[PDB]
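Quick setup: one chain, the form deposited in one PDB entry, written in structure tokens, and binding and motion questions come after.
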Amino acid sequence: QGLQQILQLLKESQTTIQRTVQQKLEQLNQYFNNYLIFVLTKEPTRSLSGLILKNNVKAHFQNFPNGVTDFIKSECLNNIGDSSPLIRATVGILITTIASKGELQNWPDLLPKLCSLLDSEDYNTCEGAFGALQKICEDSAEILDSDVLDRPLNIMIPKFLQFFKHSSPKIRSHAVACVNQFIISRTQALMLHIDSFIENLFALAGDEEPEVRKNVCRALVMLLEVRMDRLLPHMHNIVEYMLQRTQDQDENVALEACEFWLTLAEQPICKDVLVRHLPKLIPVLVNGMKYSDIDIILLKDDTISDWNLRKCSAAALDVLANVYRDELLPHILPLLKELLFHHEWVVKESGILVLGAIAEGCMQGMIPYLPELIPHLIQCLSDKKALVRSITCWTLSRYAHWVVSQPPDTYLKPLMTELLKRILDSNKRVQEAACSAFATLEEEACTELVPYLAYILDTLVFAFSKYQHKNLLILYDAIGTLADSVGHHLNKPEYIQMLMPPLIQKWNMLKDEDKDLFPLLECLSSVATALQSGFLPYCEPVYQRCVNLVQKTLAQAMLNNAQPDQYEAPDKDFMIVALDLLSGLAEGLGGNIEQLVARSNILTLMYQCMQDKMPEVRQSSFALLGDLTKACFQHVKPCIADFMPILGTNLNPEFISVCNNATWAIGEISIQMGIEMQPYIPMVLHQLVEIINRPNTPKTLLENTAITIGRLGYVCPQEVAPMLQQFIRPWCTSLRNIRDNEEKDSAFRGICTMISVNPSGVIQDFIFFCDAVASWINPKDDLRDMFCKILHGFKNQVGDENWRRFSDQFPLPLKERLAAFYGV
């Protein structure tokens, strides 16, 4: 028939003629696939057709319906156990491809026939069915239950476990894999057949076939989280197994076992159960962190696997260094002596990795050895071999903190110079490594960098030429980080001349939709703040563009909201980025921003940003609010009545940084808002006191909450003072740590004003207030008067002897400062 015309198109596909039949077959799909499965089911000639069909399914299945679809299915399900291993393989790949495209609802007959065929006497049908059943379980994020199976998991689970005893290795694996796909769901049928699973796994532990061993490891790894109570009685005898499983040849099992320590570590039980094993485990982990023929691929596009035994082992080490801290060192230091100085480089660098790996965890116990080691790493920076350079960068950044705490000549100066050299290194993986490492250094070595800005700017600005996409993104990070870590020092005509010009090309080059703006504008926002008024020439185009991004993504979001099908949602990261720059413009331009704000529709925009579903959007616009409130309250005031109800419904601790910026804005609002703030206080005050008192909020939020309450008090003590008796305790506890800035002075004026309206609400906890006033080292000559009268008020009220009685719970400086400075 016309099948003979098809049998020529397939037998021609099997270098120029290829692309000719390939576009001839993929196009004949309009007229089709009834011939495709016909050829397969009634060798390499007909195995190809089944795979051609497979690619028709994958590319256009909705154009299929019941005529062919049902014949395809019925045809290959009868051939699921064909004894020609290539055909069975073709059918199996097909079965599973149909079954992930057309969901499970469209083929309900499937799974129950597969679960049935596992009991075939013919091995080929058993192995075929079990194979596809594994592929379906696994390639299904949603699990599998009695609905789709046509058996209770109460019958199906023990039946899998039964096959753990099948002679054929191929099946036992299929078996373990299937059962494995039920450990996460913590499904009941398995939880009840649990001791059977365990006992069964243990039996399969010493298998020969590598796949079974991987599946057993992968199992024991999972069970560790889900069901720790059963494994614990066998822990030590099963640790030693996993320990042999890492050294195990066949890396795919070695890796699958290595995960054990990653997850085991994250368990409370770990520290006490594992101590005895560290002598044997640590060496094994360090040996895994070395390299192999990875080099061959890594030197000659230069990329290997995203996750592998080296990373796993390293990650294992990182975590283990955090669980045990210094007690880990006696297990590593000796081995680290043997590695760090070594003729064979592939060995030396693994030691360098180890060194960085354990940085965070062992830092304290690692301070002694640093004066020896830091300079050693600094000479390694200029090693002959690239892979030995890149990682000493990283390892050095891991110690950036200490380096900065020592005299800036000994370590900082040599490190910084060698880094700026490495940043411009010949190969990419060193640039990236060294550039990232330098950004970590900036963060730590703050103004200590001002001596070198000229050279630092020379380097970075030069890389803009050298670097390409990948590494360019990290350069933005490093440039922005500089601006942050140095601030205004950067604002000098000489510097703006190097730095800005390239940043603007990138700006004019990139179109509005280009996701490349993210790292640029988060860079430019840090520049814009650091240069201050220095930015003026550049601000008018920068400002207008951000508002348009914000307008646009809002507009786009509205459309999508009205009609999700006809219009698409926008990438909100675009405004999260735009907002954050306007914010940093508002901060560095202060007053000079007003006209731009006045003319623009920024405040109308911000009001929908604050109402946005996404925290990050909200978070950015609140920070922007506070910034504008400080900069040009002239324009913000005319709608404090609209913002406050939002700010109030946003004082929610579960979104910690949205809440943090809210609290901050409110505080800054009041300063500008004077007495007028009073009708708004009820909106915010109660939940504000909730946050100051609810436990386990980060200090960063508490401190801002404390500042804000004070400031709200200062300006409106009548409405804020009633509550006083409830927040003073955590309030002082928090603001006792802060240095005597203006933030603090504003906050303490708040309570001092609130005390002399409601002194009754402070006596019960007057200790905290006294610690808090012994926090001050230099108060304004009128604030110490506010402390004076308030403390004397407590001395005259309580009395000479009854006040002497009170000071007995005071460390001497606190008492001596509260007596000499205030006269009490």
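Residue positions are given as counts along the sequence shown, with the first one as 1. Superpose the two forms; the largest set of C-alphas matching within 1.5 Å is the rigid core.
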query	finding
Residues with no coordinates between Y31 and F32, taken from the deposited sequence as a class	1 to 3
Mean Cα B-factor comparison, 273 to 281 or 625 to 633, giving the higher one as deposited	273 to 281
733 to 741 or 518 to 526, whichever carries the higher mean Cα B-factor	733 to 741
From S146, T187, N287, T663, residue of greatest CA B-factor	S146
Identity of residue with top Cα B-factor, from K214, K413, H174, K101	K101
Ranked against its chain, the third holding the CA B-factor of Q431	lowest
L701 - which third its CA temperature factor falls in, relative to the rest of the chain	highest
Chain-relative CA temperature factor third for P334	middle
Relative C-alpha B-factor of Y467, binned into the chain's lowest, middle or highest third	middle
Third assignment of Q563 from its chain's C-alpha B-factors	middle
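Only in words, not in the display: the form deposited in another entry, which the text now covers.
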| query | finding |
| --- | --- |
| Displaced residue between this form and the one not shown, judged on C-alpha after the rigid core is fitted, out of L415, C115, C380, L531 (threshold 2 Å or more) | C115 |
| Exceeds or equals 2 Å, Cα of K428 between this form and the one not shown, core fit | no |
| CA of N491, rigid core aligned, shift of 2 Å or more between this form and the one not shown | no |
| Did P717 shift 2 Å or more between this form and the one not shown, C-alpha, core superposed | yes |
